[PDB]
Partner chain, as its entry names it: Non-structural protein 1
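In the form solved without its partner chain, a lone chain appears below as structure tokens.
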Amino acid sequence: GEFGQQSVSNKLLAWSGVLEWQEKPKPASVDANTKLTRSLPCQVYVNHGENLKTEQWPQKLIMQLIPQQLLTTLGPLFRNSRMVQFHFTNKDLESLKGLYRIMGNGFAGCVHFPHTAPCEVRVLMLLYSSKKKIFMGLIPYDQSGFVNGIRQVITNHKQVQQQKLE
């Protein structure tokens, strides 16, 4: 009965991109209305045996840091998702540590594939591994459902709908 081994052992580089995001308004400029845009180049690994259709994947993605439990609240729709491992390189040290700071604070990140080529994958979710101290992203198998679902959630938050918040 030999079947059921997760082929995450041998990791294949299938794509590399950079996440560009809004940094926290830390004293450096006007701060208030200034979008400090920092970015970390990531190399993304997949599992062996399969392949990822990364010819639909750009090398710059807009990543939005959002509360981890907000994702937990969305949950079931992305129960089955493929784990893509995001290995970052040293570029913005402030932002690297602050990304580490922010995820550790209780964050995940919305990886948005620009509305120009949202071919299959339109939004992807970044999370932090507490054990591997690296970042991992998940490609939900309900891609459009994730996007609309997360958008309604973000709208629910910004419109001020008092629905689940400690």
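Residue numbers count along the first chain shown, from 1.
Another form, the form deposited with its partner chain bound, is not on view; read the next lines as being about it.
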Open item on the list: Contact with its partner chain in the entry with it bound for residue 39, defined as at least one heavy atom pair within 4.5 Å: yes or no?
Closed with: no
TODO: Examine residue 153 and determine whether its closest non-hydrogen atom to its partner chain in the entry with it bound is within 4.5 angstroms.
DONE: yes
TODO: Report yes if any heavy atom of residue 59 sits within 4.5 Å of a heavy atom of its partner chain in the entry with it bound; otherwise report no.
DONE: no
- [ ] May I ask you to state whether residue 24 is within 4.5 Å of its partner chain in the entry with it bound, using heavy atom distances?
- [x] yes
- [ ] May I ask whether 16, 51 and 85 each come within 4.5 Å of its partner chain in the entry with it bound, counting any non-hydrogen atom?
- [x] no
Task: Neighbours of its partner chain in the entry with it bound among 117-149 [non-hydrogen atom within 4.5 angstroms] - done: 123, 127, 128, 129, 130, 131, 132, 134, 136, 138, 147
